[PDB]
Amino acid sequence: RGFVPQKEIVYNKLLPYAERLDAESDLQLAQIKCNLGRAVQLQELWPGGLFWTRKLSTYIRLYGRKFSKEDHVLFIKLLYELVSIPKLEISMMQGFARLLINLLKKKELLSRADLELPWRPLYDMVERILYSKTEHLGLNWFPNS
């Protein structure tokens with residue numbers, strides 16, 4: 001194996017065609033990593049970045065996490081920096097934040113040595129949106145959910 005899988009879904013193992021699943025997962029993971037890094041590097045958020053973020057979401061849901069802990073910290077840091085943007089479109093950050101929550105739900109997987117997220121970006125984020133003066137005036141129109 002190229003990597004040790006992390007918290008892989010057992011049910012995929014039980015499937016009759018589970019042998020092909022490993023190759024499909026590895027290829028899909030490679031595509032996701034390369035394309036998402038590239039889309040951030042070129043700053044093509046609306047066409048491709050959200051697309052590959054959604055691709056990571058379906059990958060996690062279908063195959064479990066199934067990546068190295070190094071990859072896990074990298075995904076976390078990227079989505080955090082992307083979600084922790086000062087003035088990102090809120091409809092945009094909704095999906096990235098949903099993905100980041102999906103990655104971070106299984107706290108036990110990450111050592112607390114592996115990952116060090118800061119808190120001031122999140123504070124500024126919620127202060128922007130949970131307590132927005134501009135919203136009551138009708139300027140900002142936050143989403144419902």
# chains A, B, ... in the order shown; residues from 1 in each chain; ligands from 1
$ closest_atom_pairs --of "range 87-114 of chain A" --to "range 6-10 of chain A" --cutoff "12 Å" --atoms "only C-alpha atoms" --output "CSV"
residue,atom,partner,partner_atom,distance
A:103,CA,A:7,CA,11.3
A:105,CA,A:7,CA,11.8
A:106,CA,A:7,CA,8.9
A:107,CA,A:7,CA,11.3
A:108,CA,A:7,CA,10.0
A:109,CA,A:6,CA,7.4
A:110,CA,A:6,CA,9.9
$ closest_atom_pairs --of "range 52-102 of chain A" --to "range 17-35 of chain A" --cutoff "12 Å" --atoms "only C-alpha atoms" --output "tab-separated table"
residue	atom	partner	partner_atom	distance
A:52	CA	A:32	CA	6.1
A:53	CA	A:32	CA	8.2
A:54	CA	A:32	CA	9.8
A:55	CA	A:32	CA	7.0
A:56	CA	A:32	CA	6.6
A:57	CA	A:32	CA	10.4
A:58	CA	A:28	CA	10.5
A:59	CA	A:28	CA	7.7
A:60	CA	A:29	CA	9.8
A:61	CA	A:25	CA	11.8
A:62	CA	A:25	CA	9.3
A:63	CA	A:25	CA	7.0
A:64	CA	A:25	CA	9.8
A:65	CA	A:29	CA	10.1
A:66	CA	A:25	CA	8.0
A:67	CA	A:29	CA	8.0
A:68	CA	A:29	CA	10.8
A:71	CA	A:33	CA	8.9
A:72	CA	A:33	CA	11.1
A:74	CA	A:33	CA	9.8
A:75	CA	A:33	CA	8.7
A:78	CA	A:33	CA	10.9
$ residues_around --residues "residue 39 in chain A" --least-positions-apart "4" --cutoff "10 Å" --atoms "only C-alpha atoms" --output "PyMOL selection string"
chain A and resi 34-35+43-52
$ write_last_selection --atoms "N, CA, C and O atoms" --output "PDB file, in the first residue's frame"
ATOM      1  N   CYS A  34      -4.121  16.779  -6.600  1.00  0.00           N
ATOM      2  CA  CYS A  34      -3.451  17.576  -7.617  1.00  0.00           C
ATOM      3  C   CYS A  34      -4.340  18.718  -8.082  1.00  0.00           C
ATOM      4  O   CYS A  34      -3.926  19.886  -8.070  1.00  0.00           O
ATOM      5  N   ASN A  35      -5.583  18.409  -8.448  1.00  0.00           N
ATOM      6  CA  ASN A  35      -6.432  19.430  -9.032  1.00  0.00           C
ATOM      7  C   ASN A  35      -6.809  20.495  -8.017  1.00  0.00           C
ATOM      8  O   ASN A  35      -6.893  21.673  -8.366  1.00  0.00           O
ATOM      9  N   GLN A  43      -6.203  30.240  -8.256  1.00  0.00           N
ATOM     10  CA  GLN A  43      -7.283  31.048  -7.698  1.00  0.00           C
ATOM     11  C   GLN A  43      -8.565  30.948  -8.517  1.00  0.00           C
ATOM     12  O   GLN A  43      -9.327  31.911  -8.615  1.00  0.00           O
ATOM     13  N   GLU A  44      -8.821  29.768  -9.081  1.00  0.00           N
ATOM     14  CA  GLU A  44     -10.072  29.478  -9.784  1.00  0.00           C
ATOM     15  C   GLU A  44     -11.072  28.839  -8.817  1.00  0.00           C
ATOM     16  O   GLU A  44     -11.407  27.657  -8.900  1.00  0.00           O
ATOM     17  N   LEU A  45     -11.574  29.663  -7.894  1.00  0.00           N
ATOM     18  CA  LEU A  45     -12.455  29.150  -6.847  1.00  0.00           C
ATOM     19  C   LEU A  45     -13.800  28.724  -7.416  1.00  0.00           C
ATOM     20  O   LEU A  45     -14.212  27.567  -7.272  1.00  0.00           O
ATOM     21  N   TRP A  46     -14.497  29.652  -8.071  1.00  0.00           N
ATOM     22  CA  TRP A  46     -15.871  29.392  -8.497  1.00  0.00           C
ATOM     23  C   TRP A  46     -15.967  28.281  -9.535  1.00  0.00           C
ATOM     24  O   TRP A  46     -16.910  27.475  -9.454  1.00  0.00           O
ATOM     25  N   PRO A  47     -15.076  28.177 -10.532  1.00  0.00           N
ATOM     26  CA  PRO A  47     -15.212  27.085 -11.502  1.00  0.00           C
ATOM     27  C   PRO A  47     -14.764  25.726 -10.987  1.00  0.00           C
ATOM     28  O   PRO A  47     -15.476  24.736 -11.181  1.00  0.00           O
ATOM     29  N   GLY A  48     -13.600  25.659 -10.337  1.00  0.00           N
ATOM     30  CA  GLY A  48     -12.958  24.387 -10.044  1.00  0.00           C
ATOM     31  C   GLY A  48     -12.726  24.080  -8.578  1.00  0.00           C
ATOM     32  O   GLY A  48     -12.730  22.911  -8.175  1.00  0.00           O
ATOM     33  N   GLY A  49     -12.533  25.116  -7.762  1.00  0.00           N
ATOM     34  CA  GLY A  49     -12.173  24.880  -6.374  1.00  0.00           C
ATOM     35  C   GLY A  49     -13.299  24.242  -5.586  1.00  0.00           C
ATOM     36  O   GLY A  49     -13.109  23.227  -4.911  1.00  0.00           O
ATOM     37  N   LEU A  50     -14.494  24.827  -5.670  1.00  0.00           N
ATOM     38  CA  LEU A  50     -15.653  24.224  -5.028  1.00  0.00           C
ATOM     39  C   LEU A  50     -15.944  22.855  -5.619  1.00  0.00           C
ATOM     40  O   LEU A  50     -16.394  21.952  -4.906  1.00  0.00           O
ATOM     41  N   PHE A  51     -15.678  22.676  -6.913  1.00  0.00           N
ATOM     42  CA  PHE A  51     -15.919  21.387  -7.550  1.00  0.00           C
ATOM     43  C   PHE A  51     -15.070  20.300  -6.912  1.00  0.00           C
ATOM     44  O   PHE A  51     -15.575  19.244  -6.520  1.00  0.00           O
ATOM     45  N   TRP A  52     -13.774  20.552  -6.768  1.00  0.00           N
ATOM     46  CA  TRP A  52     -12.912  19.532  -6.188  1.00  0.00           C
ATOM     47  C   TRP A  52     -13.125  19.409  -4.683  1.00  0.00           C
ATOM     48  O   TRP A  52     -12.906  18.340  -4.107  1.00  0.00           O
TER      49      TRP A  52
END
$ closest_residue --among "A:82, A:117, A:16, A:143" --to "residue 99 in chain A" --atoms "only C-alpha atoms"
A:82
$ atom_distance --atom1 "CA of residue 98 in chain A" --atom2 "CA of residue 77 in chain A"
14.4 Å
$ select_by_dssp --residues "chain A" --states "helix (DSSP H, G or I)" --output "PDB file with C-alpha atoms, in the first residue's frame"
ATOM      1  CA  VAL A  10     -15.547  -1.308   6.698  1.00  0.00           C
ATOM      2  CA  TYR A  11     -18.603  -1.693   4.481  1.00  0.00           C
ATOM      3  CA  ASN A  12     -16.559  -1.062   1.354  1.00  0.00           C
ATOM      4  CA  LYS A  13     -14.372  -4.005   2.358  1.00  0.00           C
ATOM      5  CA  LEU A  14     -17.386  -6.316   2.473  1.00  0.00           C
ATOM      6  CA  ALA A  18     -13.866  -4.454  -3.009  1.00  0.00           C
ATOM      7  CA  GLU A  19     -10.577  -5.304  -4.725  1.00  0.00           C
ATOM      8  CA  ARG A  20     -11.102  -2.674  -7.440  1.00  0.00           C
ATOM      9  CA  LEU A  21     -12.154  -0.183  -4.745  1.00  0.00           C
ATOM     10  CA  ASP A  22      -8.578   0.312  -3.556  1.00  0.00           C
ATOM     11  CA  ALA A  23      -7.312   1.285  -7.008  1.00  0.00           C
ATOM     12  CA  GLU A  24     -10.303   3.546  -7.625  1.00  0.00           C
ATOM     13  CA  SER A  25      -9.788   5.271  -4.274  1.00  0.00           C
ATOM     14  CA  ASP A  26      -6.072   5.808  -4.841  1.00  0.00           C
ATOM     15  CA  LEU A  27      -6.598   7.295  -8.300  1.00  0.00           C
ATOM     16  CA  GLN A  28      -9.478   9.483  -7.118  1.00  0.00           C
ATOM     17  CA  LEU A  29      -7.393  10.713  -4.195  1.00  0.00           C
ATOM     18  CA  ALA A  30      -4.501  11.624  -6.471  1.00  0.00           C
ATOM     19  CA  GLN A  31      -6.804  13.509  -8.834  1.00  0.00           C
ATOM     20  CA  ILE A  32      -8.372  15.401  -5.933  1.00  0.00           C
ATOM     21  CA  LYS A  33      -5.058  16.408  -4.389  1.00  0.00           C
ATOM     22  CA  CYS A  34      -3.451  17.576  -7.617  1.00  0.00           C
ATOM     23  CA  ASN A  35      -6.432  19.430  -9.032  1.00  0.00           C
ATOM     24  CA  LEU A  36      -7.448  21.119  -5.785  1.00  0.00           C
ATOM     25  CA  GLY A  37      -3.933  22.341  -5.098  1.00  0.00           C
ATOM     26  CA  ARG A  38      -3.733  23.638  -8.653  1.00  0.00           C
ATOM     27  CA  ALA A  39      -7.116  25.348  -8.468  1.00  0.00           C
ATOM     28  CA  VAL A  40      -6.042  27.177  -5.330  1.00  0.00           C
ATOM     29  CA  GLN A  41      -2.693  28.071  -6.900  1.00  0.00           C
ATOM     30  CA  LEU A  42      -4.453  29.670  -9.884  1.00  0.00           C
ATOM     31  CA  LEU A  45     -12.455  29.150  -6.847  1.00  0.00           C
ATOM     32  CA  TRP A  46     -15.871  29.392  -8.497  1.00  0.00           C
ATOM     33  CA  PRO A  47     -15.212  27.085 -11.502  1.00  0.00           C
ATOM     34  CA  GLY A  48     -12.958  24.387 -10.044  1.00  0.00           C
ATOM     35  CA  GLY A  49     -12.173  24.880  -6.374  1.00  0.00           C
ATOM     36  CA  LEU A  50     -15.653  24.224  -5.028  1.00  0.00           C
ATOM     37  CA  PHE A  51     -15.919  21.387  -7.550  1.00  0.00           C
ATOM     38  CA  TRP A  52     -12.912  19.532  -6.188  1.00  0.00           C
ATOM     39  CA  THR A  53     -13.930  20.359  -2.616  1.00  0.00           C
ATOM     40  CA  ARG A  54     -17.265  18.663  -3.285  1.00  0.00           C
ATOM     41  CA  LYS A  55     -15.242  15.866  -4.864  1.00  0.00           C
ATOM     42  CA  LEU A  56     -13.362  15.429  -1.594  1.00  0.00           C
ATOM     43  CA  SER A  57     -16.682  15.379   0.255  1.00  0.00           C
ATOM     44  CA  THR A  58     -18.060  12.552  -1.875  1.00  0.00           C
ATOM     45  CA  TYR A  59     -14.723  10.748  -1.600  1.00  0.00           C
ATOM     46  CA  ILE A  60     -14.859  10.849   2.191  1.00  0.00           C
ATOM     47  CA  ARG A  61     -18.495   9.772   2.231  1.00  0.00           C
ATOM     48  CA  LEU A  62     -17.944   6.905  -0.202  1.00  0.00           C
ATOM     49  CA  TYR A  63     -14.551   5.519   0.835  1.00  0.00           C
ATOM     50  CA  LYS A  69      -2.198  11.530   8.373  1.00  0.00           C
ATOM     51  CA  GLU A  70       0.119  13.870   6.467  1.00  0.00           C
ATOM     52  CA  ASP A  71      -2.588  14.243   3.839  1.00  0.00           C
ATOM     53  CA  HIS A  72      -5.127  14.763   6.617  1.00  0.00           C
ATOM     54  CA  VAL A  73      -3.277  17.696   8.175  1.00  0.00           C
ATOM     55  CA  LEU A  74      -2.731  19.136   4.695  1.00  0.00           C
ATOM     56  CA  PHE A  75      -6.417  19.022   3.761  1.00  0.00           C
ATOM     57  CA  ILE A  76      -7.316  20.530   7.125  1.00  0.00           C
ATOM     58  CA  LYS A  77      -4.854  23.390   6.808  1.00  0.00           C
ATOM     59  CA  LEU A  78      -5.897  24.173   3.244  1.00  0.00           C
ATOM     60  CA  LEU A  79      -9.629  24.175   3.939  1.00  0.00           C
ATOM     61  CA  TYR A  80      -9.050  26.209   7.089  1.00  0.00           C
ATOM     62  CA  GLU A  81      -7.080  28.901   5.283  1.00  0.00           C
ATOM     63  CA  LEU A  82      -9.618  28.906   2.467  1.00  0.00           C
ATOM     64  CA  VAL A  83     -12.607  29.044   4.799  1.00  0.00           C
ATOM     65  CA  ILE A  90     -20.569  33.120   2.429  1.00  0.00           C
ATOM     66  CA  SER A  91     -22.465  30.843   0.061  1.00  0.00           C
ATOM     67  CA  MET A  92     -18.999  29.773  -1.067  1.00  0.00           C
ATOM     68  CA  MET A  93     -17.516  29.135   2.381  1.00  0.00           C
ATOM     69  CA  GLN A  94     -20.610  27.124   3.340  1.00  0.00           C
ATOM     70  CA  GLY A  95     -19.503  24.051   1.389  1.00  0.00           C
ATOM     71  CA  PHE A  96     -15.841  24.294   2.336  1.00  0.00           C
ATOM     72  CA  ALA A  97     -16.815  24.600   5.997  1.00  0.00           C
ATOM     73  CA  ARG A  98     -19.094  21.580   5.684  1.00  0.00           C
ATOM     74  CA  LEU A  99     -16.155  19.638   4.286  1.00  0.00           C
ATOM     75  CA  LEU A 100     -13.836  20.849   7.034  1.00  0.00           C
ATOM     76  CA  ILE A 101     -16.333  19.749   9.672  1.00  0.00           C
ATOM     77  CA  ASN A 102     -16.532  16.370   7.959  1.00  0.00           C
ATOM     78  CA  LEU A 103     -12.753  16.029   8.153  1.00  0.00           C
ATOM     79  CA  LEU A 104     -12.582  17.163  11.785  1.00  0.00           C
ATOM     80  CA  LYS A 107     -11.200  13.926  16.614  1.00  0.00           C
ATOM     81  CA  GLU A 108      -9.490  10.718  17.750  1.00  0.00           C
ATOM     82  CA  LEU A 109      -7.827  10.248  14.361  1.00  0.00           C
ATOM     83  CA  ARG A 120      -8.502  34.218  15.657  1.00  0.00           C
ATOM     84  CA  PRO A 121      -9.606  33.563  12.035  1.00  0.00           C
ATOM     85  CA  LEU A 122     -12.665  31.726  13.284  1.00  0.00           C
ATOM     86  CA  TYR A 123     -13.380  34.464  15.803  1.00  0.00           C
ATOM     87  CA  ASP A 124     -13.263  37.136  13.118  1.00  0.00           C
ATOM     88  CA  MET A 125     -15.423  34.904  10.933  1.00  0.00           C
ATOM     89  CA  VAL A 126     -18.201  34.477  13.483  1.00  0.00           C
ATOM     90  CA  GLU A 127     -18.001  38.109  14.585  1.00  0.00           C
ATOM     91  CA  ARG A 128     -18.506  39.036  10.946  1.00  0.00           C
ATOM     92  CA  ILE A 129     -21.585  36.847  10.590  1.00  0.00           C
ATOM     93  CA  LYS A 133     -24.541  45.203  12.219  1.00  0.00           C
ATOM     94  CA  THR A 134     -24.781  45.452   8.446  1.00  0.00           C
ATOM     95  CA  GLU A 135     -27.175  42.500   8.203  1.00  0.00           C
ATOM     96  CA  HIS A 136     -30.124  44.036  10.053  1.00  0.00           C
TER      97      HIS A 136
END
